[PDB]
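The data below hold one chain only, encoded as structure tokens and taken in the form deposited in one PDB entry.
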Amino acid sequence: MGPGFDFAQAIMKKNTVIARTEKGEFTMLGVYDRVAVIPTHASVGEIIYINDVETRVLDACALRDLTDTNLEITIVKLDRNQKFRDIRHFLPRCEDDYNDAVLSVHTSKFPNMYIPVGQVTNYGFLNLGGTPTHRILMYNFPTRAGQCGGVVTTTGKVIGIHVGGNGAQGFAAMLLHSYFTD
């Protein structure tokens, strides 16, 4: 409907796949080459389904900060025959607050879904499902089951992936450029 939805659409149409694990279907952001991200609670194993194709997992790393605290981001390298468009230049370098974000989801349950979530707070610490978690972004939208893995963007920046909510607020794990240096 406007330039925020324009940027979100451009990321969804080229840099997302539908990931299925034994814990369900997730929006999965591809970042560069065969490297993607997914919430750590998806519990990635040795085999994952990508757009309903059986795919070997070459590597999966659940990220933690240097306090050894959960970040709720898993970086997955896929044995896929095709590379993602490199979007690492759209990743923020530091922790920040944002205005006017969009949360975008694409699954069997929620295809082509875009949510204007408004102001994004650098929330920091969250007890997420009983797990202490750092680098959490918060937005005042009542997000629902089916939205985990959703991509959070502003105009020109890919800032996080949706990892939970409390019925009134939604929570994303930050994406930082430093997670994807090769």
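Just count from 1 along the sequence shown to find any residue number.
If you look for the form deposited with a small molecule bound, you will not find it shown, but the lines that follow are about it.
Mapping the unseen interface onto this chain, residue 147 counts among the residues with a heavy atom inside 4.5 Å of the small molecule in the bound PDB entry.
Heavy atoms of residue 27 never reach within 4.5 Å of the small molecule in the bound PDB entry, leaving it off the interface. The closest non-hydrogen atom of residue 45 lies beyond 4.5 Å of the small molecule in the bound PDB entry.
Put simply, residue 142 is close to the small molecule in the bound PDB entry: some heavy atom of it is within 4.5 Å.
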